[PDB]
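The chain below stands alone and is given in structure tokens; this is the form deposited in one PDB entry.
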């Protein structure tokens, strides 16, 4: 008739990758006793993976997820681009991310005119637009890299996160299905073949497609055009999708928090090192 405390659930989540909020116990002593033993099982499992990685080293799991998805997108006809982390204050204004907007509060500022990017759309707007001068068919590009948002104002757990942004500028009568095929290629290559797409009409985009793997947002897609296009010299429909890569890796490997599979000095491929 007692459950793990919130502090105990957190501590179990930081060290183990099982599920713990379901357990129930006769009294406080039995709960604390089973708490320490669940912590003991979590510590052994921790060392077992670290010794495994030390004995059989490999590419980082986040790196391997990026490579698995990226090679899939290239076979789909996408150019991989890399763009700087730094973006300009004018660049944030073209997204209507301005002082009066709440989203403005999450931005890390480098100086008075430059900032860390909170998303991949600014630079990808620039690149797809410039390639339009060099081709008449669809412009298909994508990037994977770190984006940065302050935690207090965005209410999410990672300040540095790796976004995957793919986009295909060009008109399509079948823009929806073509976009849904882009979602499939990513999710398949990511190892998450089952997912629920939330197709929805909108006033701002032509269409919007969220995706959920049992109740959790893992990608946000849309069919253009959008009112942000004209500020970027974009005057045609498009289709794009955005995936948080640490979140996908967390869900595929069933880690307890999102801070275990990505970039860290306390975790390494799900295991806690310190």
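Residue numbers count along the first chain shown, from 1. Rigid core: the largest C-alpha set superposing within 1.5 Å between the two forms.
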| query | finding |
| --- | --- |
| Mean temperature factor over C-alpha atoms, higher-scoring stretch between 93-101 and 79-87 | 93-101 |
| Higher-scoring stretch by recorded Cα B factor average, 171-179 or 120-128 | 171-179 |
| Highest-ranked of 239, 216, 44, 63 once sorted by CA temperature factor in the record | 216 |
| Deposited CA B-factor, highest of 73, 204, 144, 115 | 204 |
| Modelled-residue ranking by C-alpha temperature factor, third containing residue 273 | middle |
| Modelled-residue ranking by C-alpha temperature factor, third containing residue 40 | middle |
| Residue 108 by Cα B-factor - lowest, middle or highest third of the modelled chain | middle |
| Within-chain third of residue 229 by Cα B-factor, per the entry | middle |
| Third of the chain's Cα B-factor distribution that residue 165 belongs to, per the entry | lowest |
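Omitted from view is the form deposited in another entry, to which the following refers.
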item	value
Sole residue of 51, 37, 235, 59 shifting 2 angstroms or more in CA between this form and the one not shown, core aligned	37
CA of residue 25, rigid core aligned, shift of 2 Å or more between this form and the one not shown	yes
